[PDB]
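Peer 1: Pasting an experimental structure with its sequence.
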Amino acid sequence: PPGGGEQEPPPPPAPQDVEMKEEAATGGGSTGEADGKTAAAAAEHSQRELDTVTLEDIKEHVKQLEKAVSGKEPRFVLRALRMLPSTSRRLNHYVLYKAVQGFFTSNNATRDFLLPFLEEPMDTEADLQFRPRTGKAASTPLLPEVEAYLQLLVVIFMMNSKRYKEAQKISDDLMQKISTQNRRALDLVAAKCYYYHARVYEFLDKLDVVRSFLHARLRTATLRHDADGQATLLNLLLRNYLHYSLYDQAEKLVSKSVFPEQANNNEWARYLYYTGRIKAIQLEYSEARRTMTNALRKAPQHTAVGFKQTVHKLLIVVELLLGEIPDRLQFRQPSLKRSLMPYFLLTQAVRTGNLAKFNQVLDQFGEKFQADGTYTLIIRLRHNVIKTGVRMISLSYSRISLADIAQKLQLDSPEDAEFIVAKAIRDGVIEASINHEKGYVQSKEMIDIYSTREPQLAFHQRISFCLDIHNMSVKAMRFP
Amino acid sequence: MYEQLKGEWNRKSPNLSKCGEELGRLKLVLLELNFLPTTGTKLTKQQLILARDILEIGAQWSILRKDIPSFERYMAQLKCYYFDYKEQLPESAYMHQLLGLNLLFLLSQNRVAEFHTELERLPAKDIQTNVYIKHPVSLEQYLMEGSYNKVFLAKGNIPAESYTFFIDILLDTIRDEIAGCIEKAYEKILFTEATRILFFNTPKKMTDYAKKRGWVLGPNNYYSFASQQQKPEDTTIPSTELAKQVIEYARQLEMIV
Amino acid sequence: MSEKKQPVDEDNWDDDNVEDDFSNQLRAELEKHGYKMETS
Amino acid sequence: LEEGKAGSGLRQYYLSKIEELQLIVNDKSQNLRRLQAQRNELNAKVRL
Amino acid sequence: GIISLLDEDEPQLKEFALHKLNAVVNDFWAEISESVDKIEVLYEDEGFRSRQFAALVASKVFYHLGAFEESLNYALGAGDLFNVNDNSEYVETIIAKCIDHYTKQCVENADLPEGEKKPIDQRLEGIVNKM
Amino acid sequence: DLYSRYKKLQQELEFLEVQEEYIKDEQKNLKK
């Protein structure tokens, strides 16, 4: 109390003041923009939702004693807000109760009164007209309530709060979404409640119970129209079915719901991660690595974020399933130190023709390979141990004797050198050909890639994308 | 009820009459109640021991009788019974070779994409033990790099029954790949190239490809015809579609005024 | 902007292109690469 | 449910119907005022 | 995986499997897309009591696949097992399109008074006045 | 009200399809 207790009065009141006026001006601003000029995609909806991912998770973790978040429940226990006097009565109460919680002690939430902080705030004439207010101020008290992590009769405090909030969401979904479309708000609300309800089903039994309900929310999605609702629920529905290590992937191959068609640069980024995971395991290697490449370069705007460490981890494997390998560890992180040492020393052995070192890597770093969800490399990367050099030779040489290629690939027999090169050309490693008469493996024709109509194909791709930006820009620019 | 558990299976199974009685046994079990909810109830897991066992013996009968669509029919429902949601389920010791029947079968019909996505369900039985699952994945490893001959040499080593209905189709769908490599326009080889590339010093198989395909042994010489294309190209003949392709350029510049 | 996909997470300053090219090919480059001539 | 069965059967038919009919009119007024000012620029050219 | 049960050629195995279809058709959406060829048949197969209750599970999978007229004609062919229903998110949408199909039919029939009108199904107008 | 709102949305929708038409037509004819 003389050391830290004197610096206990400054942390409540300024987050009680100006952080309160954030959602007070936003929730006032989002409501009036839901009333008039209802197409508010170009408004404060997005960045406030970018804040609720980032800011309010690190603005507060505990329920903020001396009445900053512990005071939110005696603040919003009494909200009528129904008619224009009932709002202006409560606008006086927004002045009164915030002043009382800024001065003195209201109902102090000592981590236990959460269900009477879900009835009586929802009671005392709380509206479904302010269903964004009930939607936000039920999803935001998940975050002091989960991140306490004491988990002692709080799992049901999670469970009741989500079912209250989603029954409010269902009551929106059937009754009068008059020019509002709370799906923009309630998508990440459906996500954030079910990131941790997934975590609840990590501490306890399996989470196909989530997936049956998540089909039902996706069944009521896609029927109205798609405005990010199908997009957010699809990545959620895919994740457990990929997280389970059963068969599980032909369900996604038949999942013909491939189109969100616009995803605000962030759903589309990790959507391409999960479908790249799928196309890699069913041996469609070349299409997988190029959409893994598209996923890697789409959201790098982060700070050592860890899933960037994951997409970078898979992409080097699938290109080691194609022979080529780039520089990888040139952007070393405080966490990449753990993940560079296996895979750089892995491809060190892949480029060489060594195998007793390669099996030494497997015994050294099998636990991390099993932890990363990549058991399958040992059955599929031993293929490209011979396919790396034969692509390297057919890139270097032009007309090789197959007798000479056996010692150069240390194949220890000249007669099966027909068969590997037959496997290379039938699968399309190199466009070369064999003369089965005196040992020739001769290469392609002369390079003719300017006067043979091929520059027109790439030039048509760049027309069809660049002026497509032009037409999409002119429509999107002039709203007034 | 409790109908003919080991009647004509443990000694010998040449019969189709008990196959019709197993059909009647399928009528008795799938009219008991159901298998869909599986909430709790070890007492209704009691016939789930029975229902899986009688489809194990239906799977053994299916591969014994040389039947392709029905073997995958019973095996899918067996896999549906290892798709049990509430799986207390003490281990029926026939499971691993039962999967190895399916894992080898689905390799044989060239479902290689389905081959590797099935392998996800086993935590450590692929490597630590279980030669029944270790045999197809070591086999599929031999198909990867260059190793045709080790497949044909390690045919004669099976821990289980001989897997004969799988492996003969499995080798036959290797022979056509060697054929489809050697059916090119590369014109003539001799009978010793048939022994090296195709296989088999003097077989009935050289009579097989003499009557199926050509490859007739003339004056100690096989004649494979030219499989070479003609390539009739002008490639200015994309002139209409190229003139078309220019039009939607100027269209999409204009027309939105 | 988390995705909840986090949960886990000149010495060598510009060398890795040259290092991915050659690593250990008797880097002194003289005792065989220059000493061919006694073998010819 | 005197009205609860009537709200989801014969009013929800209307409430779902007038939703997108509001969304198009919300869309075209954005698109119209874009076309207005683009005519306002070119007419301000020619009269000058 | 009970589509393999629907291959097998006895009647009382069929409907038990396609009792299990509309039990979990909301959870196994796109796997039944390949079983479309089996049902669109079994519906044409007349002598079985597995045609209207097969037209239920047919109408569910074209509803997921967006084929809305396909769900419309097959919910007609679902008979009284569809017409008895009154409350779902499923049923109220395809009867809303049924009103849409009917009112664009009737205005089309109002365009030609000189005979020549269209043959109109009676289950679709039977749920018009039921509504 | 639930029917009268529905026709008023149609009448306005028919109208402001006409006004976006000729303005797109007038702006073409104004360039000449």
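Peer 2: Ah, there it is. Numbering: from 1, shown residues only, chains lettered A, B, ... in the order given.

Peer 1: For stretch A:447-464, list every residue counted as buried.
Peer 2: Neighbour-count burial for stretch A:447-464, counted by 16 or more other CB atoms under 10 Å in any protein chain shown, picks out no residue. C-beta here means a position set from N, CA and C on the backbone, and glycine is covered the same way.

Peer 1: Pick out the residue of chain B closest to chain D.
Peer 2: At 8.0 Å from chain D, residue B:257 is the closest residue in chain B, using CB to the nearest CB.

Peer 1: Could you verify my assumption that that residue touches residue F:24?
Peer 2: Yes - shown here, residue B:257 and residue F:24 form a contact pair, counting by CB atoms under 8 Å, at 5.7 Å.

Peer 1: ok, residue C:2 - contacts?
Peer 2: A:53-54, A:305 (CB atoms under 8 Å, 6 or more residues apart in numbering or on different chains).

Peer 1: With neighbour count as added columns, please give these in a markdown table.
Peer 2: What follows is the contacts of residue C:2, written out as a markdown table (neighbours: other CB atoms under 10 Å in any protein chain shown):
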| residue | neighbour count |
| --- | --- |
| A:53 | 17 |
| A:54 | 13 |
| A:305 | 19 |
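
Peer 1: Select the longest helix from chain A.
Peer 2: With secondary structure taken from DSSP state H, chain A has its longest helix at helix A:454-477.

Peer 1: and that helix, is it in reach of chain F?
Peer 2: No - using CB under 8 Å from any CB of the partner chain, helix A:454-477 stays clear of chain F, coming no nearer than 12.8 Å.

Peer 1: Could you check which residue of chain F lies nearest chain E?
Peer 2: Closest point on chain F to chain E, by CB to the nearest CB, is residue F:6, at 12.8 Å.

Peer 1: try the stretch 51-200 of chain A
Peer 2: residue A:174 (8.7 Å).

Peer 1: thinking that residue is in contact with residue D:8, fair?
Peer 2: Yes - assessed by CB under 8 Å, residue A:174 is found in contact with residue D:8 at 6.7 Å.

Peer 1: More neighbours: which of these two?
Peer 2: residue D:8 (19 against 14; other CB atoms under 10 Å in any protein chain shown).

Peer 1: phi, psi of the more buried one?
Peer 2: Backbone torsions of residue D:8, given as degrees, to the nearest 10, read phi -90, psi -10.

Peer 1: interface residues of the stretch 151-257 of chain B facing chain A?
Peer 2: Within the stretch 151-257 of chain B, the positions near chain A by CB under 8 Å from any CB are B:177, B:180-181, B:186, B:189, B:196-197, B:235, B:238, B:242, B:245, B:249, B:252-253, B:256.

Peer 1: Any of the residues you listed buried? List them.
Peer 2: B:181, B:186, B:189, B:197.

Peer 1: hmm, which two among those are most spread apart?
Peer 2: Taking CB to CB, the two most distant members of these are B:181 and B:189; they sit 12.0 Å apart.

Peer 1: any shared contact partners between those two?
Peer 2: residue B:197.

Peer 1: number of nearby residues for residue B:228?
Peer 2: Neighbour count for residue B:228, taken as other CB under 10 Å: 10.

Peer 1: Also residue E:110?
Peer 2: Residue E:110: 9 neighbours (other CB under 10 Å).

Peer 1: With residue B:145 instead?
Peer 2: Residue B:145 has 17 nearby residues by other CB under 10 Å.

Peer 1: In contact with it, which residues?
Peer 2: A:382-383, A:385-387, A:420, A:423.

Peer 1: what about it, distance to residue A:423?
Peer 2: Separation of residue B:145 from residue A:423 (CB to CB, to the nearest Å): 8 Å.

Peer 1: Excluding residues flanking it in the chain, which one is nearest the closest residue to chain E within chain A?
Peer 2: The minimum distance from chain A to chain E, using CB to the nearest CB, falls at residue A:254 (4.4 Å). Spatial nearest neighbour of residue A:254, chain neighbours left out: residue E:30 (4.4 Å); criterion: CB to CB, 6 or more residues apart in numbering or on different chains.

Peer 1: how far away is that neighbour from chain B?
Peer 2: Distance, residue E:30 to chain B, by CB to the nearest CB, to the nearest Å: 16 Å.

Peer 1: And residue A:171, by the same measure?
Peer 2: Residue A:171 sits 30 Å away from chain B, going by CB to the nearest CB.

Peer 1: from what I can see that residue touches residue A:128, true?
Peer 2: Yes - with contact defined as CB under 8 Å, residue A:171 counts as touching residue A:128 (6.2 Å).

Peer 1: The closest residue to residue A:233 other than its chain neighbours: which element?
Peer 2: Nearest non-adjacent residue to residue A:233, counting by CB to CB, 6+ apart: residue A:218, 4.6 Å away. Using DSSP states H and E, the element containing residue A:218 is helix A:208-220.

Peer 1: Does anything pack onto that helix? Which helices or strands?
Peer 2: Secondary-structure packing of helix A:208-220 (3 or more CB pairs under 8 Å, 6 or more residues apart in numbering or on different chains; DSSP states H and E): helix A:183-203, helix A:229-243.

Peer 1: Now residue B:19: closest residue in space that isn't a chain neighbour?
Peer 2: Using CB to CB, 6+ apart, the closest residue to residue B:19 is residue B:61 (6.3 Å).

Peer 1: Show me the contact partners of the helix or strand hosting residue A:58.
Peer 2: Counting by DSSP H and E, the element that carries residue A:58 is helix A:45-59. Contacts with helix A:45-59, where a contact means CB under 8 Å, 6+ apart, come from A:15, A:19, A:22-23, A:26, A:30, A:33, A:136, A:140, A:143, A:147, A:184-185, A:188, A:264, C:1-2.

Peer 1: between that helix and helix A:183-203, how big is the angle?
Peer 2: Computed with axes from the mean of the first three to the mean of the last three CA atoms, to 10 degrees, the direction of helix A:45-59 lies at 30 degrees from that of helix A:183-203.

Peer 1: Pull the residues that contact the helix or strand that comes right after helix A:45-59.
Peer 2: The helix or strand immediately downstream of helix A:45-59 is helix A:72-75, counting by DSSP H and E. Identification of contacts with helix A:72-75 by CB under 8 Å, 6+ apart yields A:67, A:97-98, A:101, A:106-107, A:109, A:113, A:117, A:121, A:137, A:141.

Peer 1: Then stretch B:65-84?
Peer 2: Contacts of stretch B:65-84 (CB under 8 Å, 6+ apart): A:246-247, B:16, B:19, B:35, B:38, B:48, B:51-52, B:55-56, B:58-59, B:62-63, B:95, B:98, B:101-102, B:105, B:165, E:1-2, E:4-5, E:7-8.

Peer 1: Of the residues you listed, which count as buried by neighbour count?
Peer 2: Here, 16+ other CB under 10 Å leaves A:247, B:35, B:38, B:48, B:51-52, B:55-56, B:58-59, B:62-63, B:98, B:101-102, B:105, B:165, E:1-2, E:4-5 buried among the contacts of stretch B:65-84.
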